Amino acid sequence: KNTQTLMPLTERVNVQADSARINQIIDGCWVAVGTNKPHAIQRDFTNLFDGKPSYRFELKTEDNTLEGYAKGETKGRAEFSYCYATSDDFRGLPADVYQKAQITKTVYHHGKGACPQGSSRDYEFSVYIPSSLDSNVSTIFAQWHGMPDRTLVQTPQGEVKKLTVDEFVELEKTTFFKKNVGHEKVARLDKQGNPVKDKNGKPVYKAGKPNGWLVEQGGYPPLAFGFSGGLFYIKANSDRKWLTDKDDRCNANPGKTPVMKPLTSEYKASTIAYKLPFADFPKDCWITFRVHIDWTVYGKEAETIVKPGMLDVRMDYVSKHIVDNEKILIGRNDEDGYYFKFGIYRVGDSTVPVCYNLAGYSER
């Protein structure tokens, strides 16, 4: 009933498919993604950081709104993305550039907030973990995410090739994509033999059988900071395959994979760079992470590792050098780069409630 200390921020931008409208942008630099329940993300006027409102993220137990990897598994999301495009990013261009970017899901590739392939960048942000946070949460609170372009496809005959935007736009007319997998696009039909339309007159389609096409979509985040199994962990992922293979689920478990011993497949590596028992992670105070990433350089279609990456992390609240300039494989073999998000990404088929605050982001 006191609604003065917290301000719901409920606008959500589909950053891959839609430009952010000015009145959806937060503090001139963020848009929000994930569930839009009023408590999911709020500006917090009580817990100030550097004398300014911080951001309170909350997922209650019922707040998983996304399908997880396995049938019957779900996941939850309330995050800020530092990467999005606005209408100004398409200013003066032919109308079809934006329209085709929505269909190819490459809208945010036209916007600010990404770091290119093989680049080096410094990041800083702060987190505030309440003492009430359950030690068995399974949540990623900051991540650096790839930006694959789904115009890189595999044909039914197994050829990996780059479609032009126009070619992809044509393919999407006949193909219903379920994540990365193409299916025959089938019109649902009424009884007079006509295509069904929703209440707004929009034609409705469903997926038929797989049609052989695959597109580059999804993939693990190259870097994630989170809690799992009673540990705070930092996990780095690398994928050197030109077209990522979604079936190759090379993914280290902080509870099972020893620290700094990469788990590898033929193309992927997943490394737990740091672990700290949950009780040793400070509570009810602001912790500032300083992160330096030298992104791995990959050889594109050659699939080589041209140059290894490196990861450095400091944790201040005292300064602990928790990841000390580690040579590491980190990134994705894509044409495009990486963007930062923070918030709640509740994974591992968990519904344990999550709530904490974040603030103070910068990158250089």
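Numbers follow the displayed sequence, beginning with 1.
Per the record, residue 45 and residue 46 are directly connected, as no deposited residue between them is missing from the model.
Higher mean CA temperature factor, per the PDB entry, when comparing 318 to 326 with 25 to 33: 318 to 326. Averaged over Cα atoms, the B-factor as recorded in the entry is higher for 201 to 209 than for the other of 201 to 209 and 80 to 88.
In this entry, the residue among 111, 118, 222, 229 with the greatest C-alpha B factor is 118. Looking at 129, 153, 189, 147, the one whose CA carries the top B-factor in the deposited record is 189. In this PDB entry, the Cα temperature factor of residue 217 sits in the middle third of its chain's modelled residues. Ranked against the other modelled residues of its chain, the C-alpha B-factor of residue 39 as given in the entry falls in the middle third. Among all modelled residues in its chain, residue 357 ranks in the lowest third by Cα B-factor. Remark: residue 291 belongs to the middle third of its chain, ranked by C-alpha B-factor as recorded. In this PDB entry, the Cα temperature factor of residue 275 sits in the bottom third of its chain's modelled residues, the lowest group.
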